[PDB]
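One file, final-v2.txt, is given below (compact mmCIF, C-alpha atoms and all ligand atoms).
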# COMPACT_ATOMS: atom_id res chain seq x y z
CA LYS X 51 137.73 127.22 146.33
CA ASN X 52 135.44 124.41 147.50
CA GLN X 53 134.52 126.21 150.74
CA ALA X 54 135.42 129.64 149.33
CA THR X 55 132.86 129.32 146.54
CA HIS X 56 130.32 127.87 148.99
CA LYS X 57 130.50 131.05 151.06
CA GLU X 58 129.96 133.36 148.07
CA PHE X 59 127.01 131.30 146.84
CA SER X 60 125.53 131.17 150.35
CA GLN X 61 125.91 134.95 150.54
CA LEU X 62 123.96 135.45 147.30
CA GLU X 63 121.05 133.44 148.66
CA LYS X 64 120.78 135.94 151.51
CA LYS X 65 121.28 139.08 149.38
CA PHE X 66 118.55 137.96 146.95
CA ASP X 67 116.23 136.08 149.39
CA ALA X 68 116.28 132.90 147.32
CA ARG X 69 117.55 129.34 146.95
CA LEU X 70 120.34 128.83 144.38
CA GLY X 71 121.49 125.72 142.50
CA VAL X 72 124.68 125.83 140.42
CA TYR X 73 126.67 123.38 138.34
CA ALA X 74 129.37 124.33 135.88
CA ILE X 75 131.90 122.14 134.09
CA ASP X 76 134.98 123.32 132.15
CA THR X 77 135.01 120.87 129.25
CA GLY X 78 138.76 121.34 128.76
CA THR X 79 139.91 120.59 132.30
CA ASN X 80 136.81 118.76 133.65
CA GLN X 81 136.99 121.09 136.66
CA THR X 82 133.53 121.42 138.19
CA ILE X 83 131.82 124.10 140.29
CA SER X 84 128.74 123.07 142.27
CA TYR X 85 126.34 124.35 144.93
CA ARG X 86 123.09 122.54 145.84
CA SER X 87 123.67 120.80 142.49
CA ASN X 88 121.68 117.70 143.50
CA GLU X 89 118.61 119.62 144.71
CA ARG X 90 115.49 119.64 142.58
CA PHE X 91 114.16 122.80 140.92
CA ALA X 92 111.41 123.20 138.36
CA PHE X 93 113.25 123.48 135.08
CA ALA X 94 110.62 125.70 133.41
CA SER X 95 111.50 126.89 129.86
CA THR X 96 115.12 125.60 130.02
CA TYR X 97 113.79 122.23 128.77
CA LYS X 98 113.26 123.85 125.36
CA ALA X 99 116.96 123.77 124.49
CA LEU X 100 117.22 120.11 125.49
CA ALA X 101 113.97 119.25 123.71
CA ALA X 102 115.28 120.94 120.60
CA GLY X 103 118.32 118.69 120.96
CA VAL X 104 116.12 115.59 121.21
CA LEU X 105 114.17 116.83 118.19
CA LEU X 106 117.45 117.15 116.25
CA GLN X 107 118.51 113.63 117.32
CA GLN X 108 115.24 112.22 115.97
CA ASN X 109 114.79 114.18 112.72
CA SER X 110 116.90 114.98 109.68
CA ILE X 111 118.15 118.44 108.88
CA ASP X 112 116.08 118.09 105.69
CA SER X 113 112.91 117.50 107.69
CA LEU X 114 113.29 120.83 109.50
CA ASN X 115 111.92 122.41 106.30
CA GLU X 116 108.66 120.46 106.72
CA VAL X 117 105.59 122.58 107.47
CA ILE X 118 103.81 121.88 110.76
CA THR X 119 100.30 123.19 111.34
CA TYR X 120 98.26 123.70 114.48
CA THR X 121 95.01 125.31 115.60
CA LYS X 122 94.13 128.55 117.34
CA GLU X 123 92.89 126.66 120.41
CA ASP X 124 96.35 125.02 120.68
CA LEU X 125 97.84 128.41 121.55
CA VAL X 126 98.89 128.78 125.17
CA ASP X 127 99.87 132.01 126.93
CA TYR X 128 102.99 133.79 125.60
CA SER X 129 103.25 132.50 122.04
CA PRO X 130 104.64 135.59 120.30
CA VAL X 131 105.85 133.76 117.17
CA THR X 132 103.33 130.91 116.78
CA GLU X 133 100.30 133.18 117.26
CA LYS X 134 101.18 134.90 113.95
CA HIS X 135 101.19 131.82 111.69
CA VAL X 136 98.08 129.84 112.68
CA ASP X 137 96.66 129.88 109.15
CA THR X 138 99.85 128.74 107.39
CA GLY X 139 101.81 126.79 109.99
CA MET X 140 105.57 127.15 110.31
CA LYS X 141 108.57 125.16 109.19
CA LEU X 142 109.57 122.64 111.85
CA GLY X 143 112.97 124.32 112.16
CA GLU X 144 111.24 127.66 112.65
CA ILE X 145 109.14 126.28 115.50
CA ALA X 146 112.17 124.84 117.29
CA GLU X 147 113.97 128.15 116.72
CA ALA X 148 111.02 130.08 118.16
CA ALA X 149 111.02 127.86 121.26
CA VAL X 150 114.76 128.31 121.86
CA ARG X 151 115.17 131.95 120.85
CA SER X 152 111.93 133.54 122.12
CA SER X 153 110.74 130.87 124.58
CA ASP X 154 107.49 130.59 122.61
CA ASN X 155 105.27 128.28 124.69
CA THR X 156 103.11 126.92 121.88
CA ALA X 157 106.39 126.16 120.10
CA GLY X 158 107.53 124.31 123.21
CA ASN X 159 104.32 122.28 123.16
CA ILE X 160 104.83 121.39 119.49
CA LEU X 161 108.38 120.31 120.31
CA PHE X 162 106.98 118.08 123.05
CA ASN X 163 104.38 116.70 120.61
CA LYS X 164 107.01 115.91 117.98
CA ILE X 165 109.16 113.99 120.47
CA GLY X 166 106.30 112.06 122.11
CA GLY X 167 105.06 114.44 124.82
CA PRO X 168 106.63 114.96 128.24
CA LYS X 169 106.91 111.17 128.57
CA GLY X 170 108.77 110.96 125.24
CA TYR X 171 111.06 113.81 126.29
CA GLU X 172 111.83 111.96 129.53
CA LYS X 173 112.46 108.70 127.69
CA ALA X 174 114.97 110.38 125.41
CA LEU X 175 116.89 111.78 128.40
CA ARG X 176 116.84 108.34 130.09
CA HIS X 177 118.38 106.92 126.89
CA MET X 178 121.28 109.36 127.36
CA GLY X 179 121.55 108.16 130.96
CA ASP X 180 119.70 111.02 132.64
CA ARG X 181 117.85 109.25 135.49
CA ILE X 182 116.97 112.48 137.35
CA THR X 183 114.91 114.75 135.10
CA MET X 184 111.14 114.22 135.47
CA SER X 185 108.90 115.52 132.70
CA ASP X 186 105.13 115.25 133.18
CA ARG X 187 103.26 118.28 131.85
CA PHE X 188 103.01 120.61 128.86
CA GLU X 189 103.18 124.38 128.90
CA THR X 190 102.11 126.15 130.86
CA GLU X 191 101.21 123.78 133.69
CA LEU X 192 104.83 122.55 133.87
CA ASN X 193 105.73 125.88 135.51
CA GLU X 194 103.69 125.26 138.66
CA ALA X 195 106.86 124.44 140.66
CA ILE X 196 105.12 123.45 143.92
CA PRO X 197 107.92 122.98 146.50
CA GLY X 198 108.53 119.28 147.09
CA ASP X 199 106.60 118.26 143.93
CA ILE X 200 109.04 116.59 141.55
CA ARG X 201 106.90 116.92 138.39
CA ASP X 202 108.87 118.85 135.72
CA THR X 203 112.03 119.17 137.81
CA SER X 204 115.68 118.27 137.58
CA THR X 205 118.99 119.32 139.13
CA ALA X 206 121.68 121.71 138.01
CA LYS X 207 124.08 118.79 137.61
CA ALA X 208 121.65 116.73 135.56
CA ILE X 209 120.67 119.64 133.30
CA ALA X 210 124.28 120.77 132.74
CA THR X 211 125.34 117.20 131.92
CA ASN X 212 122.53 116.95 129.33
CA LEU X 213 123.43 120.31 127.78
CA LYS X 214 127.07 119.21 127.65
CA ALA X 215 126.10 116.06 125.73
CA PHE X 216 124.10 118.00 123.11
CA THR X 217 126.39 120.99 122.60
CA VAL X 218 129.94 119.66 122.93
CA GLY X 219 129.52 115.91 123.40
CA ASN X 220 128.36 113.02 121.25
CA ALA X 221 124.58 113.28 121.53
CA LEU X 222 124.35 114.94 118.09
CA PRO X 223 126.34 114.88 114.87
CA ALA X 224 128.44 117.98 114.36
CA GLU X 225 126.13 119.75 111.89
CA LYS X 226 123.11 119.51 114.21
CA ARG X 227 125.21 120.41 117.25
CA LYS X 228 126.05 123.60 115.30
CA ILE X 229 122.38 124.24 114.51
CA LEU X 230 121.57 123.94 118.20
CA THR X 231 124.30 126.28 119.44
CA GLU X 232 123.35 128.92 116.88
CA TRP X 233 119.71 128.82 118.02
CA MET X 234 121.01 129.35 121.56
CA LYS X 235 123.20 132.38 120.67
CA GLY X 236 122.28 136.06 120.51
CA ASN X 237 118.82 135.98 122.10
CA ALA X 238 117.57 138.90 124.19
CA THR X 239 115.91 136.58 126.72
CA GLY X 240 119.44 135.73 127.89
CA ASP X 241 120.83 139.27 128.10
CA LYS X 242 120.36 139.92 131.85
CA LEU X 243 121.30 136.42 132.98
CA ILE X 244 124.48 134.37 132.41
CA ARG X 245 125.48 136.77 129.60
CA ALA X 246 125.37 139.65 132.06
CA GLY X 247 127.79 137.84 134.38
CA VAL X 248 130.61 136.82 132.04
CA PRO X 249 133.37 139.14 130.75
CA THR X 250 132.64 141.00 127.52
CA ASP X 251 135.06 138.88 125.46
CA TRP X 252 133.12 135.71 126.31
CA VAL X 253 130.37 134.37 124.07
CA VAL X 254 127.18 132.84 125.54
CA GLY X 255 124.56 130.55 124.06
CA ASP X 256 121.89 130.19 126.74
CA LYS X 257 118.32 129.14 127.46
CA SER X 258 116.46 131.04 130.17
CA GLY X 259 113.50 129.93 132.28
CA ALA X 260 110.91 131.38 134.67
CA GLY X 261 108.21 129.68 136.70
CA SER X 262 105.89 129.99 139.65
CA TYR X 263 107.33 130.21 143.18
CA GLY X 264 109.88 132.73 141.91
CA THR X 265 111.58 130.12 139.77
CA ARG X 266 114.29 131.72 137.60
CA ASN X 267 116.86 129.67 135.63
CA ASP X 268 119.53 130.00 132.94
CA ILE X 269 121.60 127.26 131.34
CA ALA X 270 124.41 127.95 128.89
CA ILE X 271 127.38 126.92 126.86
CA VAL X 272 129.90 129.75 127.15
CA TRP X 273 133.12 130.24 125.18
CA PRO X 274 135.96 132.19 126.81
CA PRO X 275 138.43 133.61 124.29
CA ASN X 276 140.72 130.97 122.77
CA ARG X 277 139.33 128.38 125.15
CA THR X 278 137.27 125.22 125.29
CA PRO X 279 133.63 125.79 126.37
CA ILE X 280 132.22 125.80 129.89
CA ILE X 281 128.72 124.39 130.51
CA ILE X 282 126.72 126.25 133.17
CA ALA X 283 123.37 125.52 134.82
CA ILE X 284 122.00 128.04 137.36
CA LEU X 285 118.61 127.39 138.99
CA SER X 286 116.74 129.55 141.51
CA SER X 287 113.44 129.55 143.40
CA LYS X 288 111.55 130.98 146.38
CA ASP X 289 109.09 129.88 149.03
CA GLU X 290 106.03 131.99 148.04
CA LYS X 291 103.86 130.99 145.08
CA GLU X 292 103.53 134.55 143.74
CA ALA X 293 107.16 135.51 144.43
CA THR X 294 109.00 137.75 142.00
CA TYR X 295 112.48 137.05 140.61
CA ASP X 296 115.64 139.09 140.12
CA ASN X 297 117.77 138.55 136.99
CA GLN X 298 120.79 139.93 138.88
CA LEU X 299 120.92 136.79 141.07
CA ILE X 300 121.78 134.67 138.02
CA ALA X 301 124.33 137.22 136.83
CA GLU X 302 126.08 137.36 140.21
CA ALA X 303 126.22 133.57 140.48
CA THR X 304 127.85 133.56 137.05
CA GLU X 305 130.49 136.03 138.24
CA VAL X 306 131.32 133.55 141.03
CA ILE X 307 131.77 130.67 138.57
CA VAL X 308 133.94 132.84 136.30
CA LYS X 309 136.29 133.74 139.15
CA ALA X 310 136.50 130.08 140.26
CA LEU X 311 137.31 128.70 136.77
CL CL M 1 92.31 127.18 113.92
In structure tokens, what does this structure look like?
Amino acid sequence: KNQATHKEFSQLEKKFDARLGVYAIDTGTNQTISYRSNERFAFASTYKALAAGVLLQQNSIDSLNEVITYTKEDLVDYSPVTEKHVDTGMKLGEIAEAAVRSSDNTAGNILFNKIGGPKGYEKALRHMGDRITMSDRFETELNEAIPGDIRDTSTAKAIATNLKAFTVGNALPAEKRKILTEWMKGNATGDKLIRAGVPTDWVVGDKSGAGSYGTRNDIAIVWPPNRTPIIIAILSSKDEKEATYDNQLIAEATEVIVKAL
């Protein structure tokens, strides 16, 4: 379906007035599905699932019970969990969970901090052989997504390969790989995205993203019934800075991958 899937993906770009980037790999058959998979998009909040994976590589399960504190002036826009616990701090595991499950932006910034900032995040991905992802800024400036500006960008193929390493591969011991996938499962932020485009007997652990220039992303590990997982990265963006986005574009792209695999 090399050219057959190309046509369907090209058709979605027109129906939703957007640019689409797709990479999916069936971990059981190593069959891949790709479209503009080497083009750069701003990754926006999808980094949070990978940064949680780096955090888990670098810290014990025990240490996730350690309390982390921060200040009111550390709070950035859209921090619906962290804004409630300024006076007490949160457990480190709770912060990582807030970043993955709710896309809490202060929690994302703490994750960054704990793994050495954007530069430390990038260095961890380079260690896993990701040469493509470029991390430069904290929330919320990392969402600026200026076309042609490679700060805080990656490709569908690079992001999917990283997610594969953390969730099914050998980037984490089993127990932490399980902690990560559970954080990624059952979150409402994912409900209209890849989860809305797979059949109802499939299970989806995802991480969604949204940025300026209509940037709208979802990355996932998905389990068909009785079947090895498929890793999916779907990226989208537009040409106008204040452009809106349409969840349905991600869901329709997912339907195309499902039919092809
Ligand atoms: Cl304070």
Worksheet item: When you draw a straight line from atom CA of residue X:187 to atom CA of residue X:262, how long is it in Å?
Response: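 Pair atom CA of residue X:187 / atom CA of residue X:262 returns 14.3 Å.
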Discussion item. How would you report the residues lying within 9 Å of ligand CL 1 (chain M), as a PyMOL selection string, if you count all atoms listed in the file?
Written reply: chain X and resi 120-124+136-137
Around the point (137.7, 124.1, 120.2), in the coordinates given by the file, pick out the residues reaching within 10 Å, counting all atoms listed in the file, and return them as a compact mmCIF listing (two decimals) with C-alpha atoms, keeping the file's coordinate frame.
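Writing done, so here's selection_35.txt:
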# COMPACT_ATOMS: atom_id res chain seq x y z
CA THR X 77 135.01 120.87 129.25
CA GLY X 78 138.76 121.34 128.76
CA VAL X 218 129.94 119.66 122.93
CA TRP X 273 133.12 130.24 125.18
CA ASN X 276 140.72 130.97 122.77
CA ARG X 277 139.33 128.38 125.15
CA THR X 278 137.27 125.22 125.29
CA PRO X 279 133.63 125.79 126.37
Worksheet item: Of the candidates X:75, X:192, X:62, X:303, which one gets nearest to residue X:155 if we count all atoms listed in the file?
Response: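 Looking only at the distances to residue X:155, the closest residue turns out to be X:192.
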Worksheet item: What does the distance from atom CA of residue X:73 to atom CA of residue X:283 come to in Å, to one decimal?
Response: 5.3 Å
Practice prompt. Would you mind listing what lies within 10 Å of residue X:179 as an MDAnalysis selection string, with only C-alpha atoms counted and same-chain residues fewer than 5 positions away left out?
Written response: chainID X and resid 173:174 208 211:212
Discussion item. Ranking X:109, X:284, X:309, X:189 by minimum distance to residue X:71 and counting all atoms listed in the file, which one comes first?
Written reply: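 Going through X:109, X:284, X:309, X:189 one by one, the smallest distance to residue X:71 is for X:284.
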Worksheet item: What's the 12 Å shell around stretch 237-243 of chain X, counting only C-alpha atoms, without same-chain residues fewer than 6 positions away, as an MDAnalysis selection string?
Response: chainID X and resid 95:96 147:154 231 250 253:260 266:271 282:286 295:305
